[PDB]
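Novice:
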Amino acid sequence: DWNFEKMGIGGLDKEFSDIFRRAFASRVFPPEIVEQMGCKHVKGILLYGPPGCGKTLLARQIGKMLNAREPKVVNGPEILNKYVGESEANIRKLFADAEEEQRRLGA
Amino acid sequence: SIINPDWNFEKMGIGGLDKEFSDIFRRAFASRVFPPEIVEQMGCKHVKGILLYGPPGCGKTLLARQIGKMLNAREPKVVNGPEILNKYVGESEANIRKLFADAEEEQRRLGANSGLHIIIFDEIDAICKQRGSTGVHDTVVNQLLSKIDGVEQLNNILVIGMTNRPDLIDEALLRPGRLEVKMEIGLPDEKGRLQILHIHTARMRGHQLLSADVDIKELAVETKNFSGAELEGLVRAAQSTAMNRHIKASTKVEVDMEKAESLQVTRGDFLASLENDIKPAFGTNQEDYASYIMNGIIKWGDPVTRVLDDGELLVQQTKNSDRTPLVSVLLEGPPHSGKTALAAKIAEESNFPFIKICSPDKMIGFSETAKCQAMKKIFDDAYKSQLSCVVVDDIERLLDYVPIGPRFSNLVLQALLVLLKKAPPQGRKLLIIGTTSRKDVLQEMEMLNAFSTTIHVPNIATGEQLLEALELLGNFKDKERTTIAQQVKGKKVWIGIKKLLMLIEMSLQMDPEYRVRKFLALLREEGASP
Amino acid sequence: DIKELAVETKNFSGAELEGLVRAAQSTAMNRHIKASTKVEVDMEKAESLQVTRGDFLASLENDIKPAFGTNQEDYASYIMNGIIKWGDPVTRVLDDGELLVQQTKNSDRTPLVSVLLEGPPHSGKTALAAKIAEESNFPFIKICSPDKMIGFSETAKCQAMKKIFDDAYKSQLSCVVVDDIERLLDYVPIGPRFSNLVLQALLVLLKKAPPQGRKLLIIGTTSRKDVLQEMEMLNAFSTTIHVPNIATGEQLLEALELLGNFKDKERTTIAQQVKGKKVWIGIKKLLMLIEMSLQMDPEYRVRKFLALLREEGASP
Amino acid sequence: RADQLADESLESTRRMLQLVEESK
Amino acid sequence: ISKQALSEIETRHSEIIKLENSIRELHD
Amino acid sequence: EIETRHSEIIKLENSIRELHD
Ligand SMILES: Nc1ncnc2c1ncn2[C@@H]1O[C@H](COP(=O)(O)OP(=O)(O)OP(=O)(O)O)[C@@H](O)[C@H]1O
Ligand SMILES: Nc1ncnc2c1ncn2[C@@H]1O[C@H](COP(=O)(O)OP(=O)(O)OP(=O)(O)O)[C@@H](O)[C@H]1O
Ligand SMILES: Nc1ncnc2c1ncn2[C@@H]1O[C@H](COP(=O)(O)OP(=O)(O)O)[C@@H](O)[C@H]1O
Ligand SMILES: Nc1ncnc2c1ncn2[C@@H]1O[C@H](COP(=O)(O)OP(=O)(O)O)[C@@H](O)[C@H]1O
Numbered sequence: 223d224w225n226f227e228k229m230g231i232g233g234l235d236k237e238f239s240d241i242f243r244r245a246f247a248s249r250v251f252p253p254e255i256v257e258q259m260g261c262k263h264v265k266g267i268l269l270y271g272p273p274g275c276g277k278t279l280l281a282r283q284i285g286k287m288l289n290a291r292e293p294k295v296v297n298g299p300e301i302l303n304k305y306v307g308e309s310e311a312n313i314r315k316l317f318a319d320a321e322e323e324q325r326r327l328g329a
Numbered sequence: 137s138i139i140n141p142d143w144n145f146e147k148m149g150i151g152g153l154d155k156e157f158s159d160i161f162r163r164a165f166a167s168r169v170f171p172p173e174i175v176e177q178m179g180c181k182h183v184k185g186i187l188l189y190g191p192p193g194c195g196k197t198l199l200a201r202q203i204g205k206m207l208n209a210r211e212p213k214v215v216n217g218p219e220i221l222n223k224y225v226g227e228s229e230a231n232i233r234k235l236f237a238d239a240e241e242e243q244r245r246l247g248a249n250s251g252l253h254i255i256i257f258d259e260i261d262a263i264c265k266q267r268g269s270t271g272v273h274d275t276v277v278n279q280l281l282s283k284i285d286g287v288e289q290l291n292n293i294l295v296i297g298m299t300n301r302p303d304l305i306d307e308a309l310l311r312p313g314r315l316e317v318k319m320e321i322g323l324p325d326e327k328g329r330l331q332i333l334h335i336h337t338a339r340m341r342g343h344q345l346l347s348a349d350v351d352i353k354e355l356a357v358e359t360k361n362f363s364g365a366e367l368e369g370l371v372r373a374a375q376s377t378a379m380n381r382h383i384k385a386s387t388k389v390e391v392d393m394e395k396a397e398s399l400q401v402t403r404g405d406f407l408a409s410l411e412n413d414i415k416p417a418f419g420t421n422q423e424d425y426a427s428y429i430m431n432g433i434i435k436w437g438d439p440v441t442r443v444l445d446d447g448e449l450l451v452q453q454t455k456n457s458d459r460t461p462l463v464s465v466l467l468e469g470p471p472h473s474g475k476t477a478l479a480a481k482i483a484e485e486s487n488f489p490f491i492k493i494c495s496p497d498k499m500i501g502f503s504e505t506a507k508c509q510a511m512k513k514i515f516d517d518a519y520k521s522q523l524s525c526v527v528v529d530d531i532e533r534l535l536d537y538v539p540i541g542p543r544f545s546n547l548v549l550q551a552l553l554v555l556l557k558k559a560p561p562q563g564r565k566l567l568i569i570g571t572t573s574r575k576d577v578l579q580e581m582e583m584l585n586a587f588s589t590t591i592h593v594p595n596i597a598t599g600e601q602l603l604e605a606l607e608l609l610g611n612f613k614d615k616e617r618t619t620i621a622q623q624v625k626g627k628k629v630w631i632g633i634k635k636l637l638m639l640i641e642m643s644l645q646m647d648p649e650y651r652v653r654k655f656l657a658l659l660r661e662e663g664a665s666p
Numbered sequence: 023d024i025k026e027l028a029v030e031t032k033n034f035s036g037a038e039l040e041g042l043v044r045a046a047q048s049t050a051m052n053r054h055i056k057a058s059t060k061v062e063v064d065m066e067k068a069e070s071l072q073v074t075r076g077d078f079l080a081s082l083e084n085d086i087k088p089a090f091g092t093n094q095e096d097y098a099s100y101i102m103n104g105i106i107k108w109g110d111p112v113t114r115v116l117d118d119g120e121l122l123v124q125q126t127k128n129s130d131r132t133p134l135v136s137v138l139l140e141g142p143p144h145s146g147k148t149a150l151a152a153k154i155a156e157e158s159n160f161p162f163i164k165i166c167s168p169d170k171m172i173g174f175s176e177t178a179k180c181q182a183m184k185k186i187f188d189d190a191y192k193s194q195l196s197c198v199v200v201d202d203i204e205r206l207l208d209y210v211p212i213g214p215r216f217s218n219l220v221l222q223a224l225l226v227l228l229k230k231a232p233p234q235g236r237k238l239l240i241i242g243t244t245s246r247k248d249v250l251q252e253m254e255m256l257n258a259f260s261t262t263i264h265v266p267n268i269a270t271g272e273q274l275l276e277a278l279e280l281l282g283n284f285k286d287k288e289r290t291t292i293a294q295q296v297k298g299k300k301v302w303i304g305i306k307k308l309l310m311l312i313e314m315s316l317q318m319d320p321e322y323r324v325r326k327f328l329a330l331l332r333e334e335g336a337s338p
Numbered sequence: 521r522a523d524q525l526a527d528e529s530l531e532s533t534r535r536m537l538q539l540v541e542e543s544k
Numbered sequence: 751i752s753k754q755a756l757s758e759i760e761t762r763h764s765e766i767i768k769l770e771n772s773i774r775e776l777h778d
Numbered sequence: 282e283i284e285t286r287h288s289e290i291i292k293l294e295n296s297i298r299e300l301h302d
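Chains as they are written, first to last, in my numbering: chain A, 223 to 329; chain B, 137 to 666; chain C, 23 to 338; chain D, 521 to 544; chain E, 751 to 778; chain F, 282 to 302.
1) Quick test of your reading: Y97 (chain C) and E156 (chain C), contact by CB under 8 Å. State the CB separation rounded to the nearest angstrom.
2) For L776 (chain E), would you say it is in contact with chain D, using Cβ-to-Cβ distances shorter than 8 Å as the test?
3) Look up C525 (chain B) in the DSSP assignment and say whether it is helix, strand or coil.
4) Hey, would you say the C-beta of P273 (chain A) is under 7 Å away from at least one heavy atom of ligand 3?
5) Between the alpha carbons of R168 (chain B) and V357 (chain B), how many angstroms are there, rounded?
6) Near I220 (chain B), which residues of its chain fall below 6 Å by C-beta distance, leaving aside the five closest residues on each side in sequence?
7) Going by DSSP in three states, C166 (chain C) sits in which element: helix, strand or coil?
8) Given that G173 (chain C) touches chain B, what residues does it touch there, using C-beta distances under 8 Å?
9) For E334 (chain C), which residues in the same chain have their Cβ closer than 8 Å to its Cβ, ignoring the five residues on either side in sequence?
10) In chain C, what lies closer than 8 Å to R311 (chain B) by C-beta?
11) Identify the residues that DSSP records as bridge partners of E140 (chain C): which are they?
12) Any idea what DSSP makes of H763 (chain E), helix, strand or coil?
13) So with Cβ pairs under 8 Å, would you call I773 (chain E) a contact of chain D?
14) Can you find at least 3 beta carbon pairs, one from the segment 180-198 of chain C and one from the segment 216-233 of chain C, that sit closer than 8 Å?
15) For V548 (chain B), which residues in the same chain have their Cβ closer than 7 Å to its Cβ, ignoring the five residues on either side in sequence?
16) With which residues is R311 (chain B) paired in a DSSP beta bridge?
17) Can you tell me where the beta strand (DSSP E) with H253 (chain B) in it begins and where it stops?
18) Give me the subset of the segment 584-596 of chain B whose CB atoms are less than 7 Å from a CB atom of chain C, sorted by chain position.
19) If you follow the alpha helix (DSSP H) that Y425 (chain B) is in, where does it begin and where does it stop?
20) Within 8 Å of any Cβ in chain E, is that where the Cβ of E528 (chain D) sits?
21) Quick check: what's the CA-CA separation for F34 (chain C) versus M102 (chain C)?
22) What span of residues does the alpha helix (DSSP H) with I305 (chain C) cover, start to end?
23) Would you say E282 (chain F) faces chain D, with C-beta separation under 8 Å as the test?
24) If you count every other CB in all the chains shown that lies within 10 Å of the CB of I268 (chain C), and 16 or more means buried, which is it?
25) Just mark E649 (chain B) as buried or exposed, buried being the case when its beta carbon has 16 or more other beta carbons within 10 Å.
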């Protein structure tokens, strides 16, 4: 049933249950039956709303509770350059760690 | 052989693409299996280029990789499409050249014995635009065309390109001598949907984890204008729903996983997911109707029945005709008469697989070019179905009419007029419905010639009708009803339904004593005649 | 035979005949191979390999598409319901087109001739131009339509005009079809308003002769001649033809008989009601009315048809 | 070109240190 | 589209070849 | 890197001088 109380985010409690129900059922259930199902996990979710409504805090809590690695924060307007397109360079550095992790540890 | 020793079509897992694979094999692979002696006696030259164009949601990439492995390919090189770009001058050309180094080396070292090299480009349209300064996009096409069929001669290469828009590619790249064959991948039919469902349900059927209640023919029938990605998402969503059903009863309470191991996806999961999880791009969407028909369709007079019958006749004519693939109809009437709602209802009652509505509301502040782009995009998308219905609402607002002047945007008018008389590709049907409120000015602009017919929606014009509408609405009591009837029957009234509802709401705010009096006073005030 | 192939292929580039030959050979050899899921070669059938005319004809019809030659789909997308001789004028128009093409083909001192086709809307003049063009047998024929220029700016339109005319300039004989001139100019009775640049480009483009003795033919279609005459544009055109509507009830009965519709006593009763009056309608509206009238039960179809014909048979 | 610079420079430091210790 | 490049040098006086000859001679 | 090269040059100078002695 998870837990969301006294650890910073306090206003949003039903949202965790809703989002988890919609998204995080594959990663909670024992992996054996999952590989038997032969299914893939979701590859992203969107959040939107008025500014300064505690979205980053929610993301950091989710990252902490999934035991994932350190999130790699980034902003939109920062990644833009006048050299006939050097954005692709900016874009590509971000997925190295996943690339090497997959290459080495496999599945 | 040049192909792998073991391969069979059924294993590839691709479902629906049958004639396309056969034709590609016959064209681009005939000469590579026929014994070398007769081939050198032929002296013919293999094809060295292929293009694929499909709409988003067909995963031709699957076909790309699957063809690559179907052959004894070595290591198909891949480029996303925006790469090979750099700020420094003269770098992309070098990168392009680097691609062919192994091929040229083998061609020089060996001859008539070197293996095949395959290159998979993604989204050729990204860079290979028409060559007019086009910046770096012009110097790259020349090098590419310089490489292919160059001063020198290569005979151990093959190039595959994928793009969604085939009419924005440089024509010079499209010759009888390079990238010659082009093939279209479109949406599947019922049989393809069934095959895809079988492919994606084989594993579940294997472990006896699929309930016996589920039927696949029914699913194939229901899902219309769906694509492989959408269908796989549907299956995944059904699995996730069946899963969540068990995350609150067995593992929630940490009780015996025996009931958790009795997990079986059933028809209920599919029929719950098919309605609230997946939104097809080329299929109906049952939220616009409820958004437009805010208060249903109450029958207050005969004209409604006539209008509905006429719309039904139009729909049947479109469906059943052969020598008239395009049909148009225009709805007109005084303001606040309920045009949009009636158009939405008649559109809903068509049962066509594709339907769309376009309103000024979703374009506020735009410029004329953007409006034109939106309209052409909608019509282009519609062109790709076997049956479709589009609604263009408040035509006067799209043109930005204002009586002073007058002033308006001529460009959008020309675009609309031209579009109204363009047939779709062979063997496909269409139906256009328009809404307006100023038929005269529409006539002076000569646009009524395009339309095929018109329908008239009148207003309420009799006390009996008003009393019947009030009774059907469910307001006021017997004595109030009698006082109103004994008052209004003498004269005539002229009002649209929507304003009537507004007025009733206005009147329903005073005390019980004065409600009828205020209603009558306002009704009289907001009265007029033709 | 090689002579038939050489004659039948026109305006082909050197890179296209080779592709044709390769495609024919590919089809021929693919004939022998019989393998769908598991690759397999019938070496027995490979002992005797030969290529017949069928390979060449199939490749020509299906595979190869010339870039500077004429293409058959264009003629398919415009004459949708054929041509039916419902009256004398059709033969007159076709013969006049024949005479014009003859003059341009076999004359010097006049390598450029232009004709104008005008008439009321829905009269079916666009298809007739395509028919005229199809009987010239010229190596290069092209049609330019506003159908492919939705949302374009003035510059784009004029550059399209440039590219088409420049391409046409590269053959010995050429015909070009300009359709719905008014729509190209962006006309609207209010104001009036239109694009001057396109008008200037067209006016100047009806007098430039092809270089060094090459012929050319231009066929333009429109529906509002008065506006054109107000634009001094009728001076550019070398002549003019007229396409009328149907006028007489006998013509209507002839058309109905030819179409394959209401017959027997039906026809008779219809004849009893139209013969004693004048009619005025274009064929395209006649087809639309006929289609629309066929959705009722088989007891009022004639009634609905007659009521419509009355409502729309205006200005007899 | 810095790659061969680093390579030759590592080679130089290794050889010089080793060779000095042997002489010493 | 734009941009040009440049290059530079540095004080290096390696002469590792001569130092290698010398040190080898020292070893023998 | 360059700092390591400075350390190397210092060490080499020292070693050469004491070799001389
Ligand atoms: N039988 C009915 N006929 C028409 N409208 C009805 C009927 N029953 C309910 N309505 C309500 O009438 C309203 C129809 O408004 P609608 O927008 O179609 O009118 P309109 O005259 O086209 O207005 P506008 O010019 O503002 O677009 C909706 O609230 C619809 O719920
Ligand atoms: N004898 C005929 N003459 C002309 N058209 C005919 C004849 N018989 C059938 N048709 C059909 O009539 C239709 C002609 O419509 P068309 O678009 O050419 O009309 P139009 O009045 O020239 O208008 P537009 O300028 O919009 O093209 C075509 O479908 C053609 O197949
Ligand atoms: N529900 C909440 N409970 C406690 N603090 C909140 C909540 N929502 C926002 N805040 C506070 O508001 C500030 C801005 O929140 P932030 O995460 O930046 O929201 P956003 O991502 O929308 O900008 C943070 O310092 C955070 O502590
Ligand atoms: N016909 C199909 N059958 C099975 N899966 C499909 C099909 N079409 C698309 N997909 C799925 O969609 C995913 C992404 O497809 P993608 O290549 O992005 O589509 P497109 O090539 O149209 O852009 C793939 O992982 C693939 O599994």
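Cβ atoms here follow ideal geometry from the backbone N, Cα and C, with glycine treated the same way.
Specialist: Let me spell this out:
1) 6 Å
2) yes
3) strand
4) yes
5) 41 Å
6) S228, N231
7) strand
8) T505, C508, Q509, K512, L547, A551
9) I303, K307, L311
10) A37
11) C:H264
12) coil
13) yes
14) yes
15) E504, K507, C508, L534, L535
16) B:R314
17) 253-258
18) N585, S588
19) 424-428
20) yes
21) 28 Å
22) 305-315
23) yes
24) buried
25) exposed
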